[PDB]
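Just the one chain here, the form deposited in one PDB entry, laid out as structure tokens.
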């Protein structure tokens, strides 16, 4: 063959923290099909928005939104335990079928995206140039989001542990731990990587007993 039908840009979904996570890489020959198992961001979460993105930027908002749908009826479970399988399937005509399947509930939902959706040739070139020009800014956004995600999981896990310990956790211990959780949650509302990391470290420094107890 002299030509191939290939994707001009990355295809994926928005994930926790406002980041684009790629399911089909740029320059993949079609037809193609790729699945990845994802999960809930918080304990007992009953629904996920699957938000389909096209582009090369790390920030979800900087890419081209192709459409979105919900999968609900996710049954109560700890954060990150339900198995939500997301599949991108591009058929021979270039139509994209995105589906999300909750292996724990059985429920499935899909959206169909026309081959003509998304960015046109000029906008595709602009996207590629943009990703090149902002490769550093995007790297910094990416590392801030992973640190903001780590802090949010540490915040939520420690709150659960506190409540589970109840009276077993000495007053002083609880005081130091609570103080630090509030400090972290404030840092998480902000934009500063190092501040989030310092509040995380402040928490590791006073949580010793809580851990111990939680492990008993």
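Numbering follows the first chain given and starts at 1. For the two forms, the rigid core is made up of the largest set of C-alpha atoms that agree within 1.5 Å on superposition.
### Segment of higher mean CA temperature factor, 149-157 or 174-182
Looking at the record's C-alpha B-factors, the answer is 174-182.
### Residue stretch of maximal mean CA temperature factor, 66-74 vs 158-166
According to the entry, 158-166 carries the higher average C-alpha B-factor.
### Query
In this PDB entry, which of 59, 51, 26, 189 has the top CA B-factor?
189 has the highest C-alpha B-factor of those listed.
### Query
At the C-alpha atoms, which of 208, 201, 15, 22 reaches the highest B-factor in this entry?
Largest recorded C-alpha B-factor: 208.
#### Entry: CA B-factor placement of residue 105, once the chain's modelled residues are sorted into thirds
Answer is highest: the recorded C-alpha B-factor places it there.
### Query
Among the modelled residues of its chain, does the C-alpha B-factor of residue 142 lie in the lowest, middle or highest third?
Highest third, going by the recorded CA B-factors of the chain.
### Task
Grab the CA temperature factor for residue 129 from the record and place it in the lowest, middle or highest third of its chain.
Middle third.
### Query
Looking at the C-alpha B-factor of residue 97, is it in the lowest, middle or highest third of its chain?
CA B-factor rank for residue 97: lowest third.
### Query
Considering only modelled residues of the same chain, in which third does the CA B-factor of residue 121 rank: lowest, middle or highest?
Bottom third by C-alpha B-factor.
Same protein, other form: the form deposited in another entry, not shown, and the subject of what follows.
### Task
Spell out whether the Cα of residue 31 moves at least 2 Å between this form and the one not shown when the two forms are superposed on their rigid core.
False for residue 31: its C-alpha shift is below 2 Å.
### Displaced residue check between this form and the one not shown: residue 169, CA, 2 Å or over, core reference
Yes, the C-alpha moves 2 Å or more.
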